Amino acid sequence: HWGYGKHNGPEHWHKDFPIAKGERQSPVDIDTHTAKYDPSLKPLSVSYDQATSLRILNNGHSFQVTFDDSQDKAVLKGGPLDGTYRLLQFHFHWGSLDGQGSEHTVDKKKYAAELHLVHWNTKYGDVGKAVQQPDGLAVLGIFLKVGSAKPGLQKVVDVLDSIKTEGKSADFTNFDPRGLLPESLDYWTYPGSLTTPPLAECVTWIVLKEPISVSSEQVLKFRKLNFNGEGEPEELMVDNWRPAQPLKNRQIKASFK
Ligand SMILES: Cc1cc(C)cc(NC(=O)Nc2ccc(S(N)(=O)=O)cc2)c1
Ligand SMILES: [Zn+2]
């Protein structure tokens, strides 16, 4: 099955998922001098006050924190978006070294990691339907650089020992995702795809300008997760990122100047 290794990684994915070579694939490089300020872009509306976290899971490709999305509790609106998108899950992509790990890049610069807050358009009723639509998902992408610790990340870091291997999960209630956001909601936006198989072209990408800082100890604990399951030889979960894909016939827009 697909993964991030030499024999099953991003260069192989197109054989099972031919849309890998499609017209709106993610991630991309954000060339900051070529992105155009769009004064008609509204401010983002991130309404996470009522967010209800559920469980944290190692799925063998990342770890994911899930949310109750059966009501409008944690929603993303505004920006380039029409309508209301419910928070389903967040997860990360990260590197083996601090100079790599993000999926999007900024003027070819790679960050140590990238947070994806995944939301789906409620007019499609459920996330499975939404993934089949060009405006079905909105993913808020946030870069991580290594420096000062991010206090709002620490409860995530604390529990990773209990989900070390593929297939493990733990009860992760009462987590506040607002503690993962930077100060500014300035953003770039473009139409794209899921960055993991099936690579569906269903995502409005919203990538924040301002990275969050995390400590070396925090990201080191990401790197101690395992791709393997329990009772298998250890393979460290690192470098779970897809590289930048051709921009093709797309323009990246900026909410700021
Ligand atoms: C928790 C959950 C439940 C269900 C029914 C579906 C999903 N699927 C999902 O979140 N897919 C997805 C894959 C890749 C990205 S990325 N890496 O482009 O942000 C986002 C969502 C996730
Ligand atoms: Zn992702």
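All values below were derived from every heavy atom in this structure, side-chain atoms included, with hydrogens, water molecules and symmetry-related copies excluded. Every number for a ligand or one of its atoms is a count from 1 in the order of the listing. Along the sequence shown, residues are numbered consecutively beginning with 1.
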Donor-acceptor side-chain pairing of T189 and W205 below 3.5 angstrom: no

Polar protein atoms (N, O or S) that approach the Zn ion (ligand 2) to under 2.8 Å: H91 NE2, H93 NE2, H116 ND1

side-chain contact (heavy atoms from CB on, under 4.5 Å), paired with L137, selected from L194, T204, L88: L194

Between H104 and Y190: side-chain donor-acceptor atoms closer than 3.5 Å: yes

Salt-bridge present (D49, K73; N to O < 4.0 Å): no

Short N-O contact, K77 and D82, less than 4.0 angstrom: no

Test: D135 and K123 ion pair at under 4.0 Å: yes

Pairs under 3.5 Å, N/O atoms on ligand 1 and on the protein: can you put them in a table with the distances?
from, atom 1, to, atom 2, distance (Å)
ligand 1, 10 (O), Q89, NE2, 2.9
ligand 1, 17 (N), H91, NE2, 3.2
ligand 1, 17 (N), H93, NE2, 3.3
ligand 1, 17 (N), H116, ND1, 3.4
ligand 1, 17 (N), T195, OG1, 2.9
ligand 1, 18 (O), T195, N, 2.9
ligand 1, 19 (O), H116, ND1, 3.2

Over 12 non-hydrogen atoms of neighbours within 6.0 angstrom of CD in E11: no

Under-4.0 Å salt bridge between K164 and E234: yes

is_close_aromatic(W241, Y4), centroid dist under 6.0 Å: no

